[PDB]
Amino acid sequence: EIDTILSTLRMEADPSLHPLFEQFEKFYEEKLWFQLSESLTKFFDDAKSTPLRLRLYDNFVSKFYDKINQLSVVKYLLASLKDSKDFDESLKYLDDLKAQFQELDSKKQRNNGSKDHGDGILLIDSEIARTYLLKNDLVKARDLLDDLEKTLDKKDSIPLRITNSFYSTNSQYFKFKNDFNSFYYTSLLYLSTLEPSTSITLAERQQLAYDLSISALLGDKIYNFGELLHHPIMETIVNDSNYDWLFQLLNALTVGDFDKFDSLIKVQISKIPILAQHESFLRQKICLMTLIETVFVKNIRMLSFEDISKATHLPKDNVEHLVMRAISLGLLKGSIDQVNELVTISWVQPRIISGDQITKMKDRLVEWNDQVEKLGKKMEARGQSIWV
Amino acid sequence: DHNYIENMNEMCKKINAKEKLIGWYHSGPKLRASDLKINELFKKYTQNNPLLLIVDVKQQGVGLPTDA
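Protein chains in written order, with the UniProt record's numbering: chain A, 6 to 393; chain B, 69 to 136.
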């Protein structure tokens with residue numbers, strides 16, 4: 006009796022988790038499928054404590070893949086296989102269920118009940134790729150994710166859960182490959198799409214904030230840090246002093262204080278080996294940010310090469326390499342006149358601004374208020390004889 | 069015609085994929101009874117809250133011929 010067999014599934018269960026079993030019973034009795042989904046869905050959530058859930062799934066819920074949301078059913082294989090260190094077993098169940106949906110879809114049509122089976126399929130494939138990243142085998146990770154990405158971006162309407170899985174994996178992949186740019190972007194998307202039904206560890210969120218900070222520090226094309234310093238995840242790691250130097254570092258960086266940063270790196274540069282490598286980057290990136298700011302504040306935007314040299318403490322030959330590279334990343338637009346050694350700087354990129362940097366804007370705007378004060382108030386007097 | 073929709077849509081997606089189907093519009097200067105009924109239909113082909121705006125084609129009034 007899969008009812009009573011189910012009751013020896015209940016023998017090893019914490020009886021505190023038992024009261025749902027009766028539900029299952031009557032539900033297996035009444036076969037109100039939505040109610041079952043509720044029941045063994047939340048149950049199963051808490052029965053993550055129980056490997057039993059496998060056979061639970063593997064018995065009648067295996068019978069029951071016909072019933073409920075495919076996101077519902079697939080969540081089960083997810084949390085079930087989560088612990089599993091047998092990867093071929095995971096992939097096994099995965100392509101198994103897949104084949105079952107190839108059947109269901111083969112029979113059924115769009116408005117006829119097979120529409121978002123595609124969704125379950127996609128989600129599956131996502132976690133499959135995850136399994137590979139766990140399996141290493143890192144290439145089929147890549148091609149599976151990439152093949153998935155098209156199918157995604159053509160579908161306009163898809164549940165969020167899938168998307169959180171997709172960026173969830175891509176994050177990991179780039180994290181192995183150590184492409185920092187791509188990692189960073191994928192991350193921020195992942196976070197933005199994160200949902201309450203996804204409960205993730207505070208230790209995790211701390212970590213993710215850390216690796217994200219590093220990425221943006223070592224990222225070639227990442228020059229805007231306002232995203233993270235104001236991003237709600239940084240509030241998790243903010244208070245730990247073991248990391249306080251880190252905010253000293255980014256905070257120092259977006260306000261582009263050359264010397265102070267240059268002090269900061271001296272300590273931690275010995276500490277974190279990943280920082281030991283890529284010191285070159287950090288240096289370039291500083292020179293840039295410094296440049297950007299010294300332009301951004303300046304009333305009329307032009308520079309000699311000397312000015313940049315002293316501001317960035319860069320000998321002036323490179324100064325034109327520094328400017329040209331500042332443009333090719335999109336940070337600046339403008340031109341260089343060597344003959345006179347000027348830099349015109351058409352315009353400078355809008356970038357999220359912290360507190361202190363605002364104040365100067367307040368200033369310049371007070372000036373450009375005053376000029377108008379005097380001009381307008383000065384033009385009635387003259388030509389007072391002409392008004393209407 | 070939903071077949072006209074799901075036939076055209078993906079024929080847009082082949083062009084600029086980043087423009088996603090949102091909602092519909094009727095240029096009729098004021099609402100109709102079935103409006104609230106059919107928006108419920110468009111909830112099939114989009115995700116969040118299908119947006120219905122009304123373009124004023126007569127222009128005879130003042131500006132903002134749209135209303136969202």
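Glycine is no exception: its CB is placed at the ideal position from the N, C-alpha and C atoms.
Using a cut-off of 8 Å between C-beta atoms, extract the partners of residue i located in chain A.
i, result
"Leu89(B)", "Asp161 and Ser162"
So what does residue i bridge to, in DSSP terms?
i, result
"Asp342(A)", "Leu347(A)"
"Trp352(A)", "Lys338(A)"
"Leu308(A)", "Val348(A)"
"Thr134(B)", "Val123(B)"
Just to make sure I have the definition right: I need the residues of chain B whose C-beta is within less than 7 Å of the C-beta of residue i. Which are they?
i, result
"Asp158(A)", "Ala85"
Whose Cβ in chain A lies nearer than 9 Å to the Cβ of residue i?
i, result
"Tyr113(B)", "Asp161 and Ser162"
What does residue i touch in chain A if you count any residue whose Cβ is under 7 Å from its own?
i, result
"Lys81(B)", "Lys159"
Along the chain, where does the alpha helix (DSSP H) containing residue i start, and where does it finish?
i, result
"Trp373(A)", "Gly360 to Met384"
"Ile274(A)", "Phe263 to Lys276"
"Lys47(A)", "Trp38 to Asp51"
"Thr174(A)", "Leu165 to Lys182"
"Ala331(A)", "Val324 to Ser333"
"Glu240(A)", "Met239 to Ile242"
"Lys160(A)", "Segment: none, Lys160(A) is in no alpha helix (DSSP H) and carries neither H nor E."
"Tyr33(A)", "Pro24 to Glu35"
"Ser390(A)", "Where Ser390(A) is concerned, there is no enclosing alpha helix (DSSP H), given that its DSSP letter is neither H nor E."
"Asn247(A)", "Element bounds for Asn247(A): n/a, residue is neither H nor E."
"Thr295(A)", "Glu284 to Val302"
"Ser12(A)", "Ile7 to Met16"
Would you mind giving the Cβ-Cβ distance between residue i and residue j, rounded to the nearest angstrom? I have them listed as a contact below 8 Å.
i, j, result
"residue 2(A)", "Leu327(A)", "This structure cannot settle anything about residue 2(A), because the visible part of chain A is limited to 6 through 393."
"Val324(A)", "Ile313(A)", "5 Å"
"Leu86(A)", "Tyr70(A)", "Actually they do not touch by this definition, with Cβ atoms about 15 Å apart."
"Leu89(B)", "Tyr113(B)", "6 Å"
"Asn169(A)", "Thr203(A)", "6 Å"
"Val243(A)", "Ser359(A)", "No, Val243(A) and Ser359(A) are not in contact; Cβ-Cβ is about 14 Å, not under 8 Å."
"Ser119(A)", "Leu109(A)", "6 Å"
"residue 397(A)", "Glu284(A)", "What is shown of chain A runs 6 to 393, which leaves residue 397(A) out entirely."
"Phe39(A)", "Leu22(A)", "Not really, about 21 Å apart at Cβ, beyond 8 Å."
"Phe266(A)", "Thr317(A)", "About 11 Å; that fails the 8 Å criterion."
"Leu207(A)", "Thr241(A)", "6 Å"
"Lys226(A)", "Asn186(A)", "5 Å"
Shorter than 8 Å from the beta carbon of residue i to some beta carbon of chain D?
i, result
"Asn244(A)", "Protein chains A and B are contained in the structure displayed, whereas chain D is not."
Is any non-hydrogen atom of the ligand GTP found closer than 7 Å to the C-beta of residue i, if you look at the structure I gave you?
i, result
"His94(B)", "Absence of the ligand GTP from the depicted structure is noted, as is the absence of any ligand whatsoever, leaving it without description."
* Asked: Can you list the alpha helix (DSSP H) stretches of 4 or more residues lying completely in the region 70-128 of chain B, in chain order?
  -> Annotation: the region 70-128 of chain B contains the following complete segments of the alpha helix (DSSP H) (minimum length 4 residues), in chain order: 70-81 and 103-110.
* Segments assigned alpha helix (DSSP H), at least 4 residues, entirely inside the region 62-139 of chain A -> Given a length threshold of 4 residues, each whole run of the alpha helix (DSSP H) inside the region 62-139 of chain A is given here in chain order: 75-87 and 92-112.
* To do: Could you name each continuous alpha helix (DSSP H) segment of 4 residues or more that falls completely within the region 187-237 of chain A, going from the start of the chain to the end?
  => Runs found: 207-223 and 231-234.
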